[PDB]
Amino acid sequence: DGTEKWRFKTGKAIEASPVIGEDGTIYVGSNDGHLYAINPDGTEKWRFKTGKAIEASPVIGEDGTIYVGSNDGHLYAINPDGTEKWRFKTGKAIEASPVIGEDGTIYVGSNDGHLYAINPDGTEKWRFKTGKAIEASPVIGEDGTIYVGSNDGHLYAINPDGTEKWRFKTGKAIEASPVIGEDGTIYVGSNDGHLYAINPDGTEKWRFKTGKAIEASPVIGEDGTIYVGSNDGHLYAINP
Amino acid sequence: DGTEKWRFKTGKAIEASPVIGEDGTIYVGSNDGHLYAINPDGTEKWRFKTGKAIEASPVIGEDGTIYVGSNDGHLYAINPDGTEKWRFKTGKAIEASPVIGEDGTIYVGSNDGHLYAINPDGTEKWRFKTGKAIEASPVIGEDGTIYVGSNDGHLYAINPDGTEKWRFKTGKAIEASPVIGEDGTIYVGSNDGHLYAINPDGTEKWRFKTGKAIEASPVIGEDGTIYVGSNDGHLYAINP
Amino acid sequence: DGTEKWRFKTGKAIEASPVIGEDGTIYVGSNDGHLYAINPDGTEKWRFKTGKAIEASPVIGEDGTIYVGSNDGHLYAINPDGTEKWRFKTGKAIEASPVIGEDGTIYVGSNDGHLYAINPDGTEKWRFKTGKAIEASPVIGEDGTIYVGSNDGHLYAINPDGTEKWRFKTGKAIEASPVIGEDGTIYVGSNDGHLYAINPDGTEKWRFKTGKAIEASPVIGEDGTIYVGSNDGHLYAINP
């Protein structure tokens, strides 16, 4: 019917989608700086205040921990009861959701330029410096490789140990996460106008030219077609 | 009497009107990336190479410098002899001509969402955020239909062959990806404030009005409840 | 492979050059629907909210009223203090700037097919119906005849009372304003690839064939030579 079941009021705009935990608790971040945990009936289970607006959806670990990045520059790990498990400070805002690896390692990009890998107990496992701010979420390959784009124009493939597997130079800032095809091909769009297809070894498979910047990730069809939007007003379907 | 006096070939389409200098010189930008200076007899005085297509007409200051924006993202200041005076870098393409203040400041807009005021020596006086139009990744239904929301305010349903299956008109730009439910209902938020529920055939099933723009995708719970946040501060829970 | 399977136009957000008032204020219309008044120091003087994107530059009249068309269908009249003086509702989006006659009448085209004549107090003096959307501003000859091209392919010559003086058929949509020579000749470019020169009585003086569509208005040199760019790649100089 499309009728309102309930509405929950936070202090400022909600910019990131909510996420539902396994017991039905709904979590949403708000530009008022708080992460909210809402019961299915619409009543606040708890709030948790960070220092500034939360732009990115939170992410839930298998033990129920809630991970959220804040414009205050910290990644917060929050217990299911709303108490603080730990906080991990990067130097500038965190604009995109963290990602959790198989072993529970939490990867998060920061506007300070680094990709951070954080242990389940909150200590730094390592950092990886790039040229400029990281705007989009990292993506993990089937073999444990962590791919991350940077406003430095480069796509970085990072080993689980923190060392560089390789980098790939595009002409201009990358604003969106890459996507991994069925055969390990890594697709990523750049402000240079090109959609790039990278082989798992870091070599360029091909590149597809549009007229203006590509600002959202591509998505891959059942038959492997890659669909990408461009700032030139078109959606492109590209043969593999 | 309508006879050809001459013709001047460039690389690609000429999109904008030419501009005539004080001394009869005709300036014209080309999609070929170049700014051409043509003499009154049709011979070429000089050309000037930008990195990408020029879409808009150049402007001439009082001292004769020729200003021209390019899709390469730079505003170029050209001396009357055809040498570069300076260049001013923005993040994305410049699609409209600059305009010049009385004190000689050059104002230009960029696809990076800003209006730039540039001092006549090519340094930045200030910038003003004018609002970037955002677009989101497309989404694919399980029958193959590709769904993408547009800054013109439509959700487009595109068939796998590239033909339009239908379009659904919302009142303002759609900034976040649609989300499809079990029964195939297509959910999408608009900057007009509504969450829309579309049937697979492109007809409206219902609409749910919130106070302000919806900027992030909705999420469906396991019992069918639709959750969505709004720029009005609320997270709304909606029945199917 | 990496070759293009197809492309689909999803609607490009258009923006127009800013306009400078006589006190120094810079005016820009935005994708988000606002007209922004920016002080010369880069601070915001005010913002005026329309319902959808503004695609054409504002125009300022004698008394300082600021006129701006919106994709919400309305032509707006704003006071220098950013208050609404009046609004005028057309059937569809307004894509090109208005023009002000010598007697203060405000002329504007609409995607609904009509050219509207509006009094400085917001009431409708008349409306002229053409077959398809009006994409480019009208032009006023020195005897007060108002010329407007239309996507229906005709150039229309309208008397100041709103009655058709004459129409002139070209083969396809006219996208660019016409231009009037000193002897009264009306020059118009068509998507049929021809530059038309039209006598004040609506008879055809001549036509000049380029290879592809003409997207921008011709410009007349001081010696009468007509310059016009073409999508065929050339700039043409044509004798009067």
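All of the numbers you see were taken from the coordinates with simple rules; none came from a lab. When we count neighbours, we look across all protein chains shown, and the Cβ atoms used for this are built from the backbone with ideal geometry, even at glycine.
Taking B:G221 in one copy and the same position in all the others, each labelled 7 Å out along Cα→Cβ, what are the pairwise distances from the first, in nm, shortest first?
Copy-to-copy label distances at B:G221, shortest first: 3.7, 7.4 nm.
Residue separation times 0.36 nm, minus the C-alpha to C-alpha distance between A:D201 and A:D103: what's the value?
Details: separation 98, 0.36 × 98 = 35.28 nm, distance 2.36 nm.
The span from A:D201 to A:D103 would gain 32.9 nm if fully extended.
Set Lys and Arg Cβ to +1 and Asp and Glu Cβ to -1, take the dipole of chain B about its Cα centre, and tell me which of B:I60, B:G211, B:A133 lies farthest positive.
Farthest towards the positive pole: B:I60.
Largest first and to the nearest Å, give the Cα extent of the protein assembly as shown along each principal axis.
Between the extreme Cα coordinates on each principal axis of the protein assembly as shown lie 83, 52, 51 Å.
May I ask you to derive the relative contact order of the range A:38-81, considering only C-alpha pairs under 8 Å and at least 6 residues apart, and to give it as an integer percent? Walk me through the numbers before you get to the answer.
Numbers: 58 pairs, mean separation 12.7, N = 44.
Across the range A:38-81, relative contact order equals 29 percent.
State, as an integer percentage, the relative contact order of the range C:32-105 based on alpha-carbon contacts under 8 Å between residues 6 or more apart.
Relative contact order comes out at 25 percent.
Work from the charge dipole of the range B:1-148 (Cβ charges, +1 for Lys and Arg, -1 for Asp and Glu, about the Cα centre) and give the residue of B:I146, B:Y36, B:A117 farthest towards its positive end.
B:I146
Around B:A133, with a cut-off of 11 angstrom between Cβ atoms, what is the net charge of the other residues, counting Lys and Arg +1 and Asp and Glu -1? Spell out each step's value before the answer.
Details: positive: B:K132, B:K172, C:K12; negative: A:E215, B:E135, B:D152, B:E175, C:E15, C:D32.
Once all neighbours under 11 Å are counted, the net charge is -3.
Can you pull a Stokes-Einstein diffusion coefficient for the range B:51-181 at 37 °C (0.692 mPa s), Rh from Kirkwood over Cα pairs, as a whole number of µm²/s?
Values: Rh = 17.2 Å.
Estimated diffusion coefficient is 191 µm²/s.
Would you calculate the volume per residue, in Å³, of the smallest convex hull containing every Cα atom of the range B:1-74? Let's see the in-between values first.
Details: hull volume 7.1 nm³, N = 74.
Spread over its residues, the Cα hull of the range B:1-74 gives 96 Å³ apiece.
Write out the chymotrypsin sites (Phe, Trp or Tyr not before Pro) in the range B:123-155 meeting two conditions: DSSP loop, and at most 12 other Cβ atoms within 10 Å of their Cβ.
Working: sites: B:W126, B:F128, B:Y147; in loops: none.
Of the chymotrypsin sites (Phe, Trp or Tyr not before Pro), not one in the loops of the range B:123-155 has a Cβ with at most 12 other Cβ atoms within 10 Å.
To one decimal in nm, how far is C:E84 from the same spot in the other copies, if labels go 7 Å from Cα toward Cβ? Please give the shortest first.
Listed shortest first, these distances are 4.7, 4.7 nm.
Once the convex hull of the C-alpha atoms of chain B is built, how many Å³ does it hold per residue, rounded to a whole number?
Numbers: hull volume 44.0 nm³, N = 240.
So the per-residue Cα hull volume is 183 Å³.
Sequence neighbours fewer than 8 away in the same chain don't count; with that in mind, list the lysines whose C-alpha is under 21 Å from B:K125.
B:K85, B:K89, B:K92, C:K45
Placing +1 at every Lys and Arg Cβ and -1 at every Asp and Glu Cβ, with all other atoms neutral, what dipole size does the protein assembly as shown have around its Cα centre, in debye to the nearest 20?
Details: 72 positive and 108 negative charges, 9 e Å.
Approximately 40 debye in magnitude.
What size of dipole, in debye to the nearest 20, comes out for the range A:178-240 about its Cα centre when the only charges are +1 on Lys and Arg C-beta atoms and -1 on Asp and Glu C-beta atoms? All intermediate terms of the calculation are to be shown ahead of the outcome.
Details: 4 positive and 9 negative charges, 53 e Å.
In debye, rounded to 20, the range A:178-240 gives about 260.
Run the label-point distances for C:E142 please: 7 Å along Cα to Cβ, every other copy, nanometres, shortest first.
For C:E142, the other copies' label points sit at 7.3, 7.7 nm, shortest first.
Below 8 Å between Cα atoms, with a sequence gap of 6+, how large is the relative contact order for chain A in percent?
Working: 659 pairs, mean separation 18.8, N = 240.
That works out to 8 percent.
When the dipole is taken about the Cα centre of the range A:1-129, and only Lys, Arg (+1) and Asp, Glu (-1) are charged at their Cβ, what size is it in debye, to the nearest 20?
Details: 15 positive and 20 negative charges, 125 e Å.
So the magnitude is around 600 debye.
Can you give me the Cα centroid spacing of the range B:116-142 and the range A:157-220 in angstrom?
22
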